[PDB]
Number of protein chains: 2
Amino acid sequence: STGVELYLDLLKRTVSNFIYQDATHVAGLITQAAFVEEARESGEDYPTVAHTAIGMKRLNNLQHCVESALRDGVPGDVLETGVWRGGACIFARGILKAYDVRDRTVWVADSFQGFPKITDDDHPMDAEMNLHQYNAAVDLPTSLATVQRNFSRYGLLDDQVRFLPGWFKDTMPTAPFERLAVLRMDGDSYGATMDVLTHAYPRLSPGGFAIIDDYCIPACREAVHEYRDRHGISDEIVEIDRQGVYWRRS
Amino acid sequence: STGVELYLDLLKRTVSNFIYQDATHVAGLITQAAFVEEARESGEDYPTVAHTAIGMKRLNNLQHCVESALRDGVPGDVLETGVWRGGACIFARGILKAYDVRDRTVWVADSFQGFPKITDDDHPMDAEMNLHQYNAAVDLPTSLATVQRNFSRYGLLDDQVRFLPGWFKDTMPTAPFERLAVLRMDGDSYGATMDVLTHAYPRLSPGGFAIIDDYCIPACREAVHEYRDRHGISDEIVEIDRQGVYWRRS
Ligand SMILES: Nc1ncnc2c1ncn2[C@@H]1O[C@H](CSCC[C@H](N)C(=O)O)[C@@H](O)[C@H]1O
Ligand SMILES: Nc1ncnc2c1ncn2[C@@H]1O[C@H](CSCC[C@H](N)C(=O)O)[C@@H](O)[C@H]1O
Ligand SMILES: [Mg+2]
Ligand SMILES: [Mg+2]
């Protein structure tokens with residue numbers, strides 16, 4: 001292992017807290033608080049302390065996508081839509097740091113207040129789930145100041161990290177990036193997924209990667225297929241674990 | 001920063017848990033449980049979760065000693081006597097890993113049971129302190145299995161980590177190492193300090209480093225000066241923080 005490989009390996013173990021192995025919140029299918037290795041490996045629990053919930057397999061995928069973009073010269077920035085405590089974006093900034101990339105930015109997009117209240121404008125699948133009801137139960141609302149604090153703890157808060165605070169329907173249409181190499185979608189709902197596919201995906205470079213964290217959620221999957229059908233996109237959907245998928249844009 | 005620099009910086013922040021900032025035990029001079037940056041920076045608190053209590057200044061010192069030994073070709077292994085949860089030894093193994101050193105071992109020596117019960121044979125200053133009284137209060141007893149588990153969480157449990165379980169009086173005289181480049185002493189008491197100086201210091205290479213973690217403790221300091229006087233050692237004692245010192249062997 002090289003210095004770069006050791007750093008990024010440790011960074012994944014740290015943002016997912018394989019190091020200290022924090023308890024999970026009890027919610028959904030998780031009925032016990034105990035840390036379970038298999039659950040954290042595949043991002044299936046609700047960490048009380050860890051900076052990301054996506055798990056090792058999805059962290060490895062993020063690494064693969066960013067490294068492939070760098071290797072193949074795919075132009076553009078990295079955007080995550082739905083960041084919680086910021087761990088996946090911290091890792092993305094770390095990847096760029098490890099390779100001394102100074103001309104790409106990590107865009108950190110969130111409401112910074114959890115899921116929105118449902119209204120009559122919402123998709124029926126989103127309204128039925130009503131993910132807003134779980135905001136407190138899994139400690140979802142996390143302020144911009146707290147996320148910035150978290151970046152600083154790893155020594156990774158700098159001018160190649162830019163924040164996009166607000167609802168995706170407000171922030172995405174005129175977000176000030178020109179091109180993306182990796183677009184990581186992690187907002188759970190039909191609405192959040194469709195917001196970002198509509199308004200950010202057209203800026204994803206050929207050869208860039210589109211990651212859908214929440215493909216196991218029917219509402220998210222619905223938006224993915226509606227959007228792909230609308231635009232005639234047939235790029236192979238590849239599974240990462242039991243929840244997430246990605247495709248590479250041809 | 002290079003990959004090695006990034007890895008070692010993160011490893012120090014992780015073993016001391018500047019990342020998640022765990023509470024301290026309320027013991028000694030510490031009257032509040034809250035994480036205090038300045039206390040963790042100088043290793044002055046009693047972490048509830050972190051893998052080392054030595055703090056950032058003493059971690060930096062250990063890095064300096066190991067890197068200097070490597071740079072100057074000082075032969076030998078690294079030994080820590082008194083390891084608690086193993087974080088300082090984990091860091092030492094990480095330094096060797098970062099520089100792809102394959103021919104040096106980190107020796108991890110502890111009772112794995114905390115401080116010993118005081119007997120009539122103990123030095124009077126050790127009987128007066130009775131450090132055994134504090135074992136449970138700061139969660140000191142940490143089994144060999146737990147320490148091995150901790151190494152494995154960082155991906156650093158391999159055949160270049162060797163364990164010496166037992167009281168130093170019993171393990172040091174015939175410990176199987178031949179030469180040391182760094183001898184890190186962290187047992188607090190006159191007895192632990194004298195046992196290790198007596199039985200391990202003669203194997204410290206010229207140009208090697210002797211670190212005394214607990215030099216602020218009068219009983220420890222007495223052993224240090226008694227030993228140095230007996231052996232005619234006049235190498236400069238260099239202060240690290242409010243607790244620790246080191247010298248480099250002529
Ligand atoms: N319509 C919307 N606009 C902006 N943010 C939203 C949103 N719907 C949900 N979110 C945010 O989406 C996130 C879902 S959880 C994200 C997990 C994170 N990627 C990790 O690494 O663990 C939450 O932070 C929530 O506040
Ligand atoms: N005589 C003796 N023999 C063996 N181990 C001893 C000892 N006296 C104390 N110890 C051990 O010395 C350690 C003191 S605390 C060590 C702190 C550790 N270096 C860190 O990085 O935080 C304890 O783990 C205790 O079990
Ligand atoms: Mg998700
Ligand atoms: Mg000590």
Side-chain angles (χ1 to χ4, degrees), chain A residues 24-31 39 42-48 52-55 58 79-89 107-144 146-147 163-175 183-202 204 210-233 237 239-247:
Chain A
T24 177
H25 291 105
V26 171
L29 301 179
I30 303 296
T31 64
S42 289
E44 292 180 359
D45 71 346
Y46 305 108
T48 55
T52 184
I54 71 174
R58 275 172 272 145
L79 170 63
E80 186 179 48
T81 59
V83 314
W84 189 38
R85 295 167 177 165
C89 288
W107 298 90
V108 181
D110 205 282
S111 68
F112 297 101
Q113 61 196 152
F115 291 110
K117 294 199 184 104
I118 291 298
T119 73
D120 55 7
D121 289 345
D122 281 293
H123 193 279
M125 298 180 77
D126 286 351
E128 202 283 326
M129 288 193 293
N130 184 24
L131 295 179
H132 171 90
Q133 76 187 286
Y134 305 114
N135 274 345
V138 303
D139 196 39
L140 206 69
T142 311
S143 71
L144 176 56
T146 296
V147 174
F163 301 87
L164 295 171
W167 305 112
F168 303 141
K169 65 96 173 174
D170 293 324
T171 61
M172 291 294 111
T174 63
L183 173 56
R184 186 175 205 286
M185 290 161 278
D186 202 350
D188 290 76
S189 59
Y190 174 100
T193 305
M194 186 59 73
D195 288 329
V196 176
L197 288 173
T198 296
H199 293 295
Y201 184 90
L204 181 63
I211 302 162
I212 309 293
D213 187 80
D214 313 296
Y215 187 85
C216 58
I217 299 177
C220 178
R221 192 158 64 245
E222 190 86 350
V224 169
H225 296 317
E226 178 176 346
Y227 187 83
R228 289 166 56 93
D229 175 79
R230 181 182 298 150
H231 291 279
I233 301 167
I237 294 167
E239 296 190 327
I240 300 160
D241 55 12
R242 307 202 295 186
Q243 307 198 351
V245 307
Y246 74 101
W247 71 88

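Proteins come first, then strands; the chains are lettered A, B, ... in the order of their sequence lines, and each starts at number 1. Computation of the quantities below employed the complete heavy-atom set of this structure, encompassing side-chain atoms and omitting hydrogens, waters and symmetry-equivalent molecules.
Side-chain atoms of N135(A) come within 3.5 Å of backbone atoms of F115(A) as a donor-acceptor pair (strictly under, hydrogens ignored). A donor-acceptor pair is defined here as one N or O able to donate and one able to accept, closer than 3.5 Å; such a pair exists between the side chain of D122(A) and the backbone of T119(A). No side-chain donor-acceptor contact under 3.5 Å links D126(A) to the backbone of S189(A).
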Q | Audit row: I30(A), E44(A), side chain to side chain contact (heavy atoms under 4.5 Å, CB included) steps and yes/no | A | CA-CA 9 Å; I30(A) 303 296; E44(A) 292 180 359; 5.6 Å; no

Q) Is there a side chain to side chain contact (heavy atoms under 4.5 Å, CB included) between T198(A) and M194(A) once you walk through the steps? A) CA-CA 6 Å; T198(A) 296; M194(A) 186 59 73; 3.6 Å; yes

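Taking CG from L79(A) and CE from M185(A), the interatomic distance works out to 9.0 Å, rounded to the nearest 0.5 Å. To the nearest 0.5 Å, atom CZ of residue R58(A) and atom OG1 of residue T52(A) are 8.0 Å apart. Summarising the geometry, atom CG belonging to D186(A) is positioned 5.5 Å from atom CD belonging to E80(A); distances are rounded to the nearest 0.5 Å. With rounding to the nearest 0.5 angstrom, the CD1 atom of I240(A) is 8.5 Å from the CD1 atom of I54(A). The distance from atom CG of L140(A) to atom NE2 of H25(A), rounded to the nearest 0.5 Å, is 10.0 Å. Atoms NE2 and CG, on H123(A) and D121(A) in that order, are 13.0 Å from each other to the nearest 0.5 Å.
Shortest non-hydrogen contact noted between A219(A) and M129(A) is CB-CE, 3.7 Å. Of all heavy-atom pairs spanning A223(A) and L197(A), the tightest one is O-CD1, 4.2 Å. Of all heavy-atom pairs spanning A192(A) and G187(A), the tightest one is CB-O, 3.7 Å. When all heavy atoms of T142(A) and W84(A) are compared, the pair lying nearest together is OG1-CD1, 3.5 Å. Residues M172(A) and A109(A) share a closest heavy-atom pair of CE-CB, 3.7 Å.
The shortest side-chain heavy-atom distance between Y134(A) and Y46(A) does not fall under the 4.5 Å cut-off. Between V147(A) and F163(A), some side-chain heavy-atom pair lies under the 4.5 Å cut-off. Taking 4.5 Å as the limit, some side-chain heavy atom of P218(A) sits within range of a side-chain heavy atom of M125(A). Under the 4.5 Å side-chain criterion, counting only non-hydrogen atoms from C-beta, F112(A) is in contact with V83(A).
Remark: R221(A) pairs with no residue by the salt bridge (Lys or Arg N to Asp or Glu O under 4.0 Å) rule, at least two apart or across chains. For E222(A), there are no side chain to side chain donor-acceptor pair (under 3.5 Å) partners two or more places apart in sequence or in a different chain. Taking the salt bridge (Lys or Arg N to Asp or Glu O under 4.0 Å) definition, one finds that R228(A) meets it with nothing, sequence neighbours left out. Among residues two or more places apart in sequence or in another chain, the salt bridge (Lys or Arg N to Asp or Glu O under 4.0 Å) test is passed with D214(A) by none. With sequence neighbours excluded, the residues satisfying salt bridge (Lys or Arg N to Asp or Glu O under 4.0 Å) with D139(A) are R85(A).
The 12-atom threshold is exceeded at CD of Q133(A), counting heavy atoms of other residues, nucleotides or ligands nearer than 6.0 Å.
Listed by first and then second residue, the salt bridge (charged side-chain N to carboxylate O under 4.0 Å, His left out) pairs that reach into residues 187-201 of chain A come to none, sequence neighbours excluded.
Note on ring orientation: taking the six-membered ring where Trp is involved, the planes of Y227(A) and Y201(A) are perpendicular (angle over 60°, cut-offs 30° and 60°).
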